Amino acid sequence: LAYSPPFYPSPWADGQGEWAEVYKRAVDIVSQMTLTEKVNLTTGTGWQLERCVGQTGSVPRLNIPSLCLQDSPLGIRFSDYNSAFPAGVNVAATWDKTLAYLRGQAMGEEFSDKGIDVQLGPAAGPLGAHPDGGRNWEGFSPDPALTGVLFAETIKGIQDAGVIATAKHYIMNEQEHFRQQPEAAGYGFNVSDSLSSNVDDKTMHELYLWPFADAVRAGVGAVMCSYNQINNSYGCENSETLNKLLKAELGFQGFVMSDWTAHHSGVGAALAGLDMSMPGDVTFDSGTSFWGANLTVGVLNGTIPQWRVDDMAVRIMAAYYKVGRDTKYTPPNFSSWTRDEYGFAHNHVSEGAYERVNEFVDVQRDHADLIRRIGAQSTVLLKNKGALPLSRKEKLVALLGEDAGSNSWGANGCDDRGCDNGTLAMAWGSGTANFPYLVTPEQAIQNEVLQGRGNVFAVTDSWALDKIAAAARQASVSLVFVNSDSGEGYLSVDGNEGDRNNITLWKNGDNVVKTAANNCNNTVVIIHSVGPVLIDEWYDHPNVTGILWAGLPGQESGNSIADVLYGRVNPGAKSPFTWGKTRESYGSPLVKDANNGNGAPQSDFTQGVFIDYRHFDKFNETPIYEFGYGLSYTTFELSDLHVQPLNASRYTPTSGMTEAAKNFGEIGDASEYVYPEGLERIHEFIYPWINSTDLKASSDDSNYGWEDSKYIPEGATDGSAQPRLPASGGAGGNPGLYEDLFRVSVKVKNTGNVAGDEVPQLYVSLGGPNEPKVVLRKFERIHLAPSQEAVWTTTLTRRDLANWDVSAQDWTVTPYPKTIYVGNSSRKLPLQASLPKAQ
Amino acid sequence: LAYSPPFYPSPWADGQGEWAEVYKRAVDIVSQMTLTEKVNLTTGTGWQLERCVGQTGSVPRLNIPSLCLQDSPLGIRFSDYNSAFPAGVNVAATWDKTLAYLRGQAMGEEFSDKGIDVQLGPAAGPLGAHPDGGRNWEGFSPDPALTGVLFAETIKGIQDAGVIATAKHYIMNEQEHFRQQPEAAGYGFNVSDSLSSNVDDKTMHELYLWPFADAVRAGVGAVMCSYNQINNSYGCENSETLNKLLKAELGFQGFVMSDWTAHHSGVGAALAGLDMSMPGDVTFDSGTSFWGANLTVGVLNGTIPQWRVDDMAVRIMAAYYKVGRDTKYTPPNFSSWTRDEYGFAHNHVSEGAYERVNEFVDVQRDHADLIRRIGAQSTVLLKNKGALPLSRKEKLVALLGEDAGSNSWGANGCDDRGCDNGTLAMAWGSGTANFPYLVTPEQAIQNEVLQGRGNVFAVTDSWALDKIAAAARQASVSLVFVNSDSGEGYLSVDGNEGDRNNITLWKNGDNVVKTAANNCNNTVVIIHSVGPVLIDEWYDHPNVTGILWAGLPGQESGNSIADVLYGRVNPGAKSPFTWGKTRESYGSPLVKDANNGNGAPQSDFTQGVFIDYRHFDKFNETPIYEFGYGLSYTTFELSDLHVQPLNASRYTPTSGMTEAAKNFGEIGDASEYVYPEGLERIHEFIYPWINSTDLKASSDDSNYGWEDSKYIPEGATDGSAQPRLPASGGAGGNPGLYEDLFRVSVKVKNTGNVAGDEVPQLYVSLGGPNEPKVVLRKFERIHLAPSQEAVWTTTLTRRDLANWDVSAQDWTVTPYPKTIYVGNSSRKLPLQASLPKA
Ligand SMILES: *[C@@H]1O[C@H](CO)[C@@H](O[C@@H]2O[C@H](CO)[C@@H](O[C@@H]3O[C@H](CO[C@H]4O[C@H](CO[C@H]5O[C@H](CO)[C@@H](O)[C@H](O)[C@@H]5O[C@H]5O[C@H](CO)[C@@H](O)[C@H](O)[C@@H]5O)[C@@H](O)[C@H](O[C@H]5O[C@H](CO)[C@@H](O)[C@H](O)[C@@H]5O[C@H]5O[C@H](CO)[C@@H](O)[C@H](O)[C@@H]5O)[C@@H]4O)[C@@H](O)[C@H](O[C@H]4O[C@H](CO)[C@@H](O)[C@H](O)[C@@H]4O[C@H]4O[C@H](CO)[C@@H](O)[C@H](O)[C@@H]4O[C@H]4O[C@H](CO)[C@@H](O)[C@H](O)[C@@H]4O)[C@@H]3O)[C@H](O)[C@H]2NC(C)=O)[C@H](O)[C@H]1NC(C)=O
Ligand SMILES: *[C@@H]1O[C@H](CO)[C@@H](O[C@@H]2O[C@H](CO)[C@@H](O[C@@H]3O[C@H](CO[C@H]4O[C@H](CO[C@H]5O[C@H](CO)[C@@H](O)[C@H](O)[C@@H]5O[C@H]5O[C@H](CO)[C@@H](O)[C@H](O)[C@@H]5O)[C@@H](O)[C@H](O[C@H]5O[C@H](CO)[C@@H](O)[C@H](O)[C@@H]5O[C@H]5O[C@H](CO)[C@@H](O)[C@H](O)[C@@H]5O)[C@@H]4O)[C@@H](O)[C@H](O[C@H]4O[C@H](CO)[C@@H](O)[C@H](O)[C@@H]4O[C@H]4O[C@H](CO)[C@@H](O)[C@H](O)[C@@H]4O[C@H]4O[C@H](CO)[C@@H](O)[C@H](O)[C@@H]4O)[C@@H]3O)[C@H](O)[C@H]2NC(C)=O)[C@H](O)[C@H]1NC(C)=O
Ligand SMILES: *[C@@H]1O[C@H](CO)[C@@H](O[C@@H]2O[C@H](CO)[C@@H](O[C@@H]3O[C@H](CO[C@H]4O[C@H](CO[C@H]5O[C@H](CO)[C@@H](O)[C@H](O)[C@@H]5O[C@H]5O[C@H](CO)[C@@H](O)[C@H](O)[C@@H]5O)[C@@H](O)[C@H](O)[C@@H]4O)[C@@H](O)[C@H](O)[C@@H]3O)[C@H](O)[C@H]2NC(C)=O)[C@H](O)[C@H]1NC(C)=O
Ligand SMILES: *[C@@H]1O[C@H](CO)[C@@H](O[C@@H]2O[C@H](CO)[C@@H](O[C@@H]3O[C@H](CO)[C@@H](O)[C@H](O)[C@@H]3O)[C@H](O)[C@H]2NC(C)=O)[C@H](O)[C@H]1NC(C)=O
Ligand SMILES: [Cl-]
Ligand SMILES: [Cl-]
Ligand SMILES: [Mg+2]
Ligand SMILES: [Mg+2]
């Protein structure tokens, strides 16, 4: 079995870089706290007991309210009068830093105005090793460079609006199957623990960890550790990933929270680098916690050093201050658990005051315009044989497919969006929000047509192929809408247990396209989907005159696609993943079977860095549509590639020592931390207090009281100055990684008759034997008027040209010659240059 | 068994009234025709053989093209790039002469531009004796006066746009069950003929015939005779209804066509007053006809007098000339049978040229605006507890019910509209058109809300009561859409064989309302339906703050209802029928069982004139919402009723004689009418020519050749001058009926704060025993600004105050005292006056 070696102690915060002032303030206030006040910040109060999906204990003596933590990465979950933004995969499709930032800002505004302190997003894990992975859509792209940039901008936008962002899921949660033992049980498997993702150190650094470095460098306040194991150590107690990679190497100064029921042990997790238990209980509404009283006891009995729990509270408070939450705080003004105006303060048990739990605060502002715009700008034009844009003089339009129409249960009619009924604007699970409304394609396009003389019919039963054919036969243009859905592992839709069982269109989609294309010579296909689908059977049909991929656009879906189809927006999105001929062209099969007996199933990441386009390139598979590809209503030309070497400082591997750990504040006698007698204990609520000064009894852990060496690795309680890792030194790693080595410029010209955007892309060949032919490094979306030329300049950093050396435990720019390729897809790379050796 | 007495001969045209010039011209051209040319005009060419649902033969020698006849009363059937207008029942709900006319004009323009010569509409039969009758919605109202006025205006509009209108279905086709023997067979009944409607002479005159008098007086070109029997004599060979009532009494100068396969015999129909056989064959694609060669033979063998077939051609050509079709003619530029560009000229057999059969001509003009308007103006506000109009600042709107949503097969996805899927904008059968598009309530209201900050959810599964409740709970206002559907007898939807099996909301509708009202304190209910529904289970729920009936609004449905709900239009429609507590409150049960053994089922019209509100009034049944009732966003008051007796000419019962019948043109030897040698005969096509000069063989009728007295009533071939009937004398009867006897005026005032329309109504009590307490006679829709007053002046004619006297066979103003009642519904009649004797 794969083994995750120990890395201890859990590094303590030090106010490095831009965290200096908030670290000082965090220390100042945590120094004033009692042990139980500190424990309160670290532990949620239990599932469904307050307003938000996660809520910490409060520190009322110091005027610190409970931190409210709320899903999702695309909008506020379980609320009202809020917006539903396009999914993260759409943002990836924009290839646009500014739209990622703006979306982050707009989301942060809405979260803030509902009284939410922590947004549980954005996501770069799963990255997207498996195209059928159920949650890839919540993130960005399988490409680490593209994902990292847009992850970071999203984080900056959320945090500039005064809400803590949470980089999730850290790390290697690349599939839903077996992510949780009780879920697997409920699906009829018998396994003793969650799936283990087994991955080598090079691949970890060069692929899966890379976007998390970006998040740390961008100043992200929190990281959410994952449900799965890595090398058979749970995400929320993996000392290698949390202590060594995230904290020691990347220099992360904020706090690690668990995914919901991803916390498995009190002492183990705390020493392995967890900082916050959510939603606080052992299991939902168990009325027990791995922390709470257990964390109080674990400190009181001398096992968990005071400096470790102090560090947790310093990290949490530093983040809270870093986004200015102390100045922006407002109390939650909604409830996650009901839409009623009135209800019990503690919903799961019907206790506390019966009070106004929803104030119905309109937080939407004008964010609808931004959502519409991102929807248009994330629409990838894959094929256009002079079909588009439409004129609005078409004699008859046919709108075809269930994906054009309405969810007859309402936009929010399926809990957690757990269905594929009507237009697919949002995929399923906890990465969801309630729609304030949903504009369907049927609605938007009919409205467009009815401004002129056009006739229009909408056939939204995908199983009525006779009716689809008949409408298609009469039409000047047939607009076919189709979809493929997936989601979080706890929710099964038509037997798809989060992960999608195939990558074929749902709801008879291939047959809708074929029936339409057989009856209409001008058939345009629009795909709403969580990721790539198989299009081999119909994409080159001579009647399929248009193909677009529109992802999961949120509330303005219809309007976003109409804008593109009628030419108000000239599409300029590029594919953020590869469109292959078969499922098998992708490699990386999901682990769908209990492949380790009754033990934890094992998923070995033997593909290494060769996922998505890197796999296709290595195995010489030809994509139908490649990573980075998309069309436009104009044409562009790239020319005049130049490389400017920059006078850069040398890389200095980091050396020396940290400071020794510090205790902040004092801990007294066990008696100080017993429950106050007049406090009415709410049932199932998780408090920091102990029942009595009997510590064994107050914990109730039937294995309580062993000597440390029986169950705690060496060094886990060592508070001395520790060595600095060579690849450490700053936020996101050694600052020498982010030294600029080269400026690379290229001319981009709009050679056609319509204004539009191009996405020029810079790929590098790092050189040497089992390195990918190309990996993406830089890109930009540039708007050009007809005939306009602009020179695009980007930079290559040391890190962009480096490889992870497992022996040095450092990033190294290898002696192999490096070559750059510039173009407008991962396969349309007409320009190139050999780079000189960099300093 | 009820018996229909003989009335013969079939009266011949005489260019009466406004028909004088076109009669002259018709005679002139028919005089030039050979027998087979004449027969060609009288007989369709067979089902699915040419472009239109009906097409006559042509007269190419005289440059007369084939007459193209097309459904429906609400828009062109089986075509493209056309409009779908609101149904006739919506027109009735407007109570607006002008909207009826304008809709007629708009329809006529579209029919004309497709190359259609005859619109198969409008309808006043079924009138609406049975609230569950499947086709009442195609017509106007069970009230004859309201129906007659709006029937007539519709006819005038169609004909002023240059298309022949067809007054249908004549007469007593009050239900779909058993209307046709083969339909009944297909539904598992064994009956030897169609249902017979048995109805007394008084009731016929005072109720069912009345709107047809209006049609005739309005100059209607054609009448379609019905599938049913009247007193056990088929509609298309009933000598009493066609010869005596329509032709002799009402003076009808145009032509009678059969409903499609309603023609039952060659000689019998011709002498009983039929003028045109549609679609021309005995049964669909039989390749035989009751006329065609049989009519040629029936003349050649001396049975059917020449004057009878000449008269048929005169009546047909006179109608064609009356609307100016000779100047407006354009060839049909579409096909009923396919939407493909190219196809065979003769669709059913794939013969003739393979040619362009659809030219896709856009005939819609700007008619969409008129459709949206009529939709708004036909929406009856039944209840409003300060819910309406909406502001567009409502925080969250819930749209609830399948009737709010889309037909997922497309607007035209069910053949002949034979389903109740998504919003109900058009009911089913032949009275249908293809939508150019359909705006759903979901679409229009979401669009409205999205102009502001309102959140909005649409739950359009009427079975997902949990989802309905949840959305309703969150809403500031819940807009519940519900429906009830019906249609023509040939098509069964969910076991409803045209006629609806009950008058309860379809698709779980009562439950949708209740679920919504239990969860939302501001629930507005919008009903789209063919006619009245039962609302007793929720109408007075304290959370039902609004109730509207929007009928069948056609293509702009969503926009029409949004206009009303958001107050761009202040609703002023009144109910054109009664909303009762139970089905039983209406009386008039349908005949749903083979009630006469294996014979023709019998339906006796024992209720007489007492249908709809007249029944309620007689049996002291209290309607939930009465005939003529509707609310508005303002209030009105009526006052100062005055009655002025007028200096009227006396009624003179008509006397004297007609002219004797005339032959127009000559008939030669049988050999002149044999098929021409070189003519390629299209299979199944109905031609006027005979196979040979052997007449018996050319007919092939296995009972051919009896002496007349064995199977033809006395007088049926009598061409002598005939007596004029006392109640005859002009178009729609004796012109003394239309003399004004009283001028009646009343003041109407808008006493509220919004501009709006009121519909003042004048009812009369004709007096005597077994007469209704009140019957509607006059009405008008009047627009008033807040505080504005206007005086409405109308008249009462002799006919308005008369009764049909079975002994005199005449209309008589009886000596019983008459009283008038003025108000704004059939029960809100605060003003009254006894009339002096005229
Ligand atoms: C103060 O106070 C406090 C509070 O109050 C307290 O505390 C307490 O304490 C106690 C003691 O005393 C405890 O208990 C314990 O615990 C433990 C732990 O757990 C956790 O973790 C795990 C893992 O581990 C690992 O890791 C970590 C981190 O993460 C660390 O820490 C450790 O040390 C380790 O390490 C290792 O490895 C790594 C990698 O991975 C590396 O790196 C290093 O170096 C090393 O090597 C896990 O597993 C767990 O989990 C589980 O559980 C949970 C709950 O908690 C859940 O949730 C999950 O799911 C899971 O489950 C599963 O499994 C189980 C079992 O366990 C079952 O049952 C189920 O069913 C399933 O399947 C966690 O998380 C532990 O371990 C322990 O236990 C043990 O013992 C018992 C008794 O007998 C049994 O039963 C079990 O089984 C076990 O066993 C084991 O061991 C033994 C000895 O010890 C042996 O014999 C056996 O064989 C086994 O072994 C195996 O395994 C191991 C591990 O892995 C290895 O090592 C080996 O090799 C083999 O393979 C107990 O339980 C508790 O916890 C606490 N509490 C709290 C609340 O905190 C104290 O005490 C006080 N003090 C005074 C003085 O007073
Ligand atoms: C020239 O040419 C031409 C052409 O080509 C020709 O013609 C022809 O002719 C033939 C003869 O010959 C014919 O046939 C015949 O016909 C008849 C008629 O039919 C129809 O109608 C009916 C009714 O009737 C009624 O009405 C009318 C009017 O509307 C009239 O016209 C008549 O006359 C009558 O009358 C009566 O009544 C009324 C009331 O209603 C009154 O008003 C009066 O006064 C009187 O009384 C009907 O019914 C029919 O119908 C049926 O048919 C159809 C087909 O067509 C169908 O669609 C329907 O549905 C029905 O059916 C049912 O029925 C049947 C039976 O009929 C069966 O089969 C089935 O299944 C079902 O159920 C029509 O519309 C007829 O009638 C005839 O028949 C007869 O006879 C046979 C043999 O014998 C038998 O079978 C039958 O049954 C019958 O019988 C009867 O009658 C007889 C005498 O006539 C007697 O004897 C017996 O007994 C019986 O009786 C009974 O019944 C009746 C009835 O109603 C009564 O009346 C009694 O009383 C009793 O009860 C035959 O068929 C044909 O049509 C023709 N064709 C064409 C194309 O046009 C000619 O011929 C030529 N000419 C030369 C010289 O050559
Ligand atoms: C990849 O992964 C996806 C997702 O898991 C897999 O998709 C799933 O594939 C299975 C297997 O094919 C599907 O189950 C099938 O669903 C069929 C359709 O079910 C729906 O429609 C039924 C019938 O609906 C028609 O008829 C009714 C009444 O007769 C009408 O109301 C309705 O409007 C329809 O009318 C049409 O058809 C009738 C004739 O039947 C005509 O007369 C009409 O004119 C008109 O043309 C209905 O009963 C049912 O309740 C459904 O609503 C079903 O027939 C078949 O037996 C089977 O159950 C899943 O639905 C599908 N799920 C998803 C999410 O797509 C996919 O298979 C997989 N691919 C591969 C290659 O592994
Ligand atoms: C302190 O943390 C410990 C865990 O380290 C908590 O003890 C654990 O509490 C859970 C209840 O949430 C126990 O689960 C129960 O186990 C029985 C055993 O068969 C099972 O039948 C129940 O369905 C349930 O799974 C678990 O056994 C227990 N673990 C041990 C080793 O004692 C404890 O509750 C925490 N204390 C506080 C104050 O929250
Ligand atoms: Cl919710
Ligand atoms: Cl059609
Ligand atoms: Mg191929
Ligand atoms: Mg226990």
# chains A, B, ... in the order shown; residues from 1 in each chain; ligands from 1
>>> select_by_dssp(residues="segment 572-741 of chain A", states="strand (DSSP E or B)", output="PyMOL selection string")
chain A and resi 579+595-598+602-604+625+636-645+657+674+690+723+740-741
>>> residues_around(residues="residue 202 of chain A", least_positions_apart="3", cutoff="12 Å", atoms="only C-alpha atoms", output="ChimeraX atom specification")
/A:199,205-210,605-609,770-771,802-812
>>> closest_atom_pairs(of="chain A", to="ligand 7", cutoff="8 Å", atoms="only C-alpha atoms and all ligand atoms", output="CSV")
residue,atom,partner,partner_atom_place_in_ligand_line,distance
A:536,CA,ligand 7,1 (Mg),6.1
A:537,CA,ligand 7,1 (Mg),6.1
A:538,CA,ligand 7,1 (Mg),7.7
A:540,CA,ligand 7,1 (Mg),7.0
>>> write_last_selection(atoms="N, CA and C atoms", output="PDB file, in the first residue's frame")
ATOM      1  N   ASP A 536     -18.496  12.550 -31.870  1.00  0.00           N
ATOM      2  CA  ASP A 536     -17.959  11.913 -33.074  1.00  0.00           C
ATOM      3  C   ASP A 536     -19.017  11.471 -34.029  1.00  0.00           C
ATOM      4  N   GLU A 537     -20.138  11.053 -33.513  1.00  0.00           N
ATOM      5  CA  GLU A 537     -21.116  10.501 -34.376  1.00  0.00           C
ATOM      6  C   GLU A 537     -21.814  11.563 -35.306  1.00  0.00           C
ATOM      7  N   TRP A 538     -21.885  12.818 -34.872  1.00  0.00           N
ATOM      8  CA  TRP A 538     -22.666  13.882 -35.621  1.00  0.00           C
ATOM      9  C   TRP A 538     -21.912  15.204 -35.943  1.00  0.00           C
ATOM     10  N   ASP A 540     -19.503  16.133 -37.812  1.00  0.00           N
ATOM     11  CA  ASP A 540     -19.157  16.384 -39.217  1.00  0.00           C
ATOM     12  C   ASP A 540     -20.294  16.025 -40.153  1.00  0.00           C
TER      13      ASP A 540
END
>>> atom_distance(atom1="atom 29 (O, counted along the ligand's line) of ligand 3", atom2="atom CA of residue 412 of chain B")
17.5 Å
>>> residues_near_ligand(ligand="ligand 5", cutoff="10 Å", atoms="only C-alpha atoms and all ligand atoms", output="count of residues only")
17
>>> closest_atom_pairs(of="chain B", to="ligand 2", cutoff="6 Å", atoms="only C-alpha atoms and all ligand atoms", output="tab-separated table")
residue	atom	partner	partner_atom_place_in_ligand_line	distance
B:4	CA	ligand 2	39 (C)	4.7
B:5	CA	ligand 2	42 (O)	4.1
B:6	CA	ligand 2	42 (O)	3.6
B:192	CA	ligand 2	72 (O)	4.2
B:193	CA	ligand 2	59 (O)	5.5
B:232	CA	ligand 2	40 (O)	5.7
B:233	CA	ligand 2	40 (O)	4.0
B:237	CA	ligand 2	29 (O)	4.0
B:238	CA	ligand 2	29 (O)	5.0
B:264	CA	ligand 2	74 (O)	4.1
B:265	CA	ligand 2	74 (O)	4.2
B:266	CA	ligand 2	120 (O)	3.2
B:267	CA	ligand 2	120 (O)	3.9
B:268	CA	ligand 2	31 (O)	3.7
B:269	CA	ligand 2	29 (O)	5.9
B:272	CA	ligand 2	28 (C)	5.6
B:290	CA	ligand 2	119 (C)	4.5
B:294	CA	ligand 2	5 (O)	4.4
B:297	CA	ligand 2	2 (O)	5.0
B:298	CA	ligand 2	2 (O)	3.7
B:301	CA	ligand 2	1 (C)	5.1
B:303	CA	ligand 2	124 (N)	5.5
B:699	CA	ligand 2	5 (O)	4.5
B:701	CA	ligand 2	117 (N)	5.9
B:703	CA	ligand 2	12 (O)	4.8
B:704	CA	ligand 2	122 (O)	4.0
B:705	CA	ligand 2	127 (O)	3.5
B:706	CA	ligand 2	12 (O)	3.9
B:707	CA	ligand 2	126 (C)	5.8
B:710	CA	ligand 2	94 (O)	5.1
B:711	CA	ligand 2	94 (O)	4.1
B:712	CA	ligand 2	33 (O)	3.9
B:713	CA	ligand 2	33 (O)	5.0
>>> closest_atom_pairs(of="chain A", to="ligand 3", cutoff="10 Å", atoms="only C-alpha atoms and all ligand atoms", output="Markdown table")
| residue | atom | partner | partner_atom_place_in_ligand_line | distance |
| --- | --- | --- | --- | --- |
| A:419 | CA | ligand 3 | 64 (C) | 8.1 |
| A:420 | CA | ligand 3 | 64 (C) | 6.4 |
| A:421 | CA | ligand 3 | 64 (C) | 8.5 |
| A:460 | CA | ligand 3 | 33 (O) | 9.5 |
| A:461 | CA | ligand 3 | 33 (O) | 6.2 |
| A:462 | CA | ligand 3 | 21 (O) | 8.3 |
| A:463 | CA | ligand 3 | 36 (C) | 5.4 |
| A:464 | CA | ligand 3 | 46 (O) | 3.3 |
| A:465 | CA | ligand 3 | 46 (O) | 5.4 |
| A:466 | CA | ligand 3 | 46 (O) | 5.1 |
| A:467 | CA | ligand 3 | 46 (O) | 6.3 |
| A:468 | CA | ligand 3 | 46 (O) | 8.5 |
| A:469 | CA | ligand 3 | 46 (O) | 9.9 |
| A:483 | CA | ligand 3 | 65 (O) | 9.0 |
| A:484 | CA | ligand 3 | 4 (C) | 7.9 |
| A:485 | CA | ligand 3 | 64 (C) | 8.0 |
| A:486 | CA | ligand 3 | 4 (C) | 9.4 |
| A:492 | CA | ligand 3 | 5 (O) | 9.8 |
| A:493 | CA | ligand 3 | 5 (O) | 7.3 |
| A:494 | CA | ligand 3 | 5 (O) | 5.0 |
| A:495 | CA | ligand 3 | 5 (O) | 6.1 |
| A:496 | CA | ligand 3 | 5 (O) | 6.0 |
| A:497 | CA | ligand 3 | 5 (O) | 9.8 |
| A:500 | CA | ligand 3 | 2 (O) | 7.1 |
| A:501 | CA | ligand 3 | 2 (O) | 5.8 |
| A:502 | CA | ligand 3 | 1 (C) | 4.9 |
| A:503 | CA | ligand 3 | 1 (C) | 6.9 |
| A:504 | CA | ligand 3 | 1 (C) | 5.6 |
| A:505 | CA | ligand 3 | 1 (C) | 7.0 |
| A:506 | CA | ligand 3 | 65 (O) | 3.7 |
| A:507 | CA | ligand 3 | 65 (O) | 3.3 |
| A:508 | CA | ligand 3 | 65 (O) | 5.9 |
| A:509 | CA | ligand 3 | 65 (O) | 7.8 |
| A:510 | CA | ligand 3 | 69 (N) | 9.9 |
>>> residues_near_ligand(ligand="ligand 1", cutoff="6 Å", atoms="only C-alpha atoms and all ligand atoms", output="PyMOL selection string")
chain A and resi 4-6+192-193+232-233+237-238+264-269+272+290+294+297-298+301+303+699+701+703-707+710-713
>>> interface_residues(of="chain A", to="chain B", cutoff="7 Å", atoms="only C-alpha atoms", output="ChimeraX atom specification")
/A:408-411,413,436-437,443,455-461,467,474
>>> write_last_selection(atoms="N, CA, C and O atoms", output="compact mmCIF listing (two decimals), in the first residue's frame")
# COMPACT_ATOMS: atom_id res chain seq x y z
N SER A 408 -39.94 21.82 -15.26
CA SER A 408 -41.36 22.02 -14.93
C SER A 408 -41.64 22.04 -13.41
O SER A 408 -42.74 22.32 -12.99
N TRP A 409 -40.64 21.70 -12.60
CA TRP A 409 -40.73 21.82 -11.14
C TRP A 409 -40.23 23.19 -10.62
O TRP A 409 -40.12 23.37 -9.41
N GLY A 410 -39.88 24.10 -11.54
CA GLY A 410 -39.22 25.36 -11.21
C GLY A 410 -37.73 25.28 -11.34
O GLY A 410 -37.13 24.20 -11.22
N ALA A 411 -37.10 26.46 -11.54
CA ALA A 411 -35.67 26.55 -11.63
C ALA A 411 -34.98 25.93 -10.46
O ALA A 411 -33.96 25.26 -10.64
N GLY A 413 -36.50 23.53 -8.52
CA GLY A 413 -37.39 22.44 -8.17
C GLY A 413 -36.75 21.12 -7.77
O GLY A 413 -37.45 20.26 -7.25
N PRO A 436 -32.54 33.11 -8.83
CA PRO A 436 -33.60 34.07 -8.58
C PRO A 436 -34.66 33.99 -9.66
O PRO A 436 -35.78 34.46 -9.48
N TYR A 437 -34.27 33.43 -10.79
CA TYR A 437 -35.09 33.15 -11.98
C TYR A 437 -34.16 32.41 -12.96
O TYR A 437 -32.96 32.30 -12.74
N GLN A 443 -37.12 30.66 -24.14
CA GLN A 443 -37.64 32.00 -23.82
C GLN A 443 -36.86 33.10 -24.56
O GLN A 443 -37.43 33.92 -25.25
N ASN A 455 -41.39 32.97 -37.71
CA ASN A 455 -42.21 32.01 -37.02
C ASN A 455 -41.28 31.22 -36.16
O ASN A 455 -40.08 31.13 -36.45
N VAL A 456 -41.79 30.64 -35.08
CA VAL A 456 -40.91 29.86 -34.22
C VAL A 456 -41.68 28.77 -33.44
O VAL A 456 -42.80 29.02 -32.97
N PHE A 457 -41.07 27.58 -33.37
CA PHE A 457 -41.63 26.42 -32.69
C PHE A 457 -40.59 25.87 -31.77
O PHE A 457 -39.40 25.83 -32.12
N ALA A 458 -41.03 25.41 -30.59
CA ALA A 458 -40.11 24.85 -29.61
C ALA A 458 -40.59 23.44 -29.24
O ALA A 458 -41.66 23.29 -28.68
N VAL A 459 -39.75 22.45 -29.55
CA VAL A 459 -40.05 21.06 -29.26
C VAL A 459 -39.06 20.62 -28.22
O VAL A 459 -37.87 20.42 -28.53
N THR A 460 -39.54 20.50 -26.99
CA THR A 460 -38.68 20.30 -25.85
C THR A 460 -38.82 18.91 -25.18
O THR A 460 -38.30 18.69 -24.11
N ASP A 461 -39.51 17.99 -25.85
CA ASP A 461 -39.47 16.60 -25.53
C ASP A 461 -38.40 15.87 -26.38
O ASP A 461 -38.61 15.57 -27.54
N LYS A 467 -41.80 14.53 -33.55
CA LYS A 467 -42.15 15.97 -33.43
C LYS A 467 -40.91 16.83 -33.70
O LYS A 467 -40.99 17.84 -34.40
N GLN A 474 -39.62 21.97 -41.37
CA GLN A 474 -40.15 23.31 -41.74
C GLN A 474 -39.21 24.51 -41.52
O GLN A 474 -39.49 25.58 -41.96
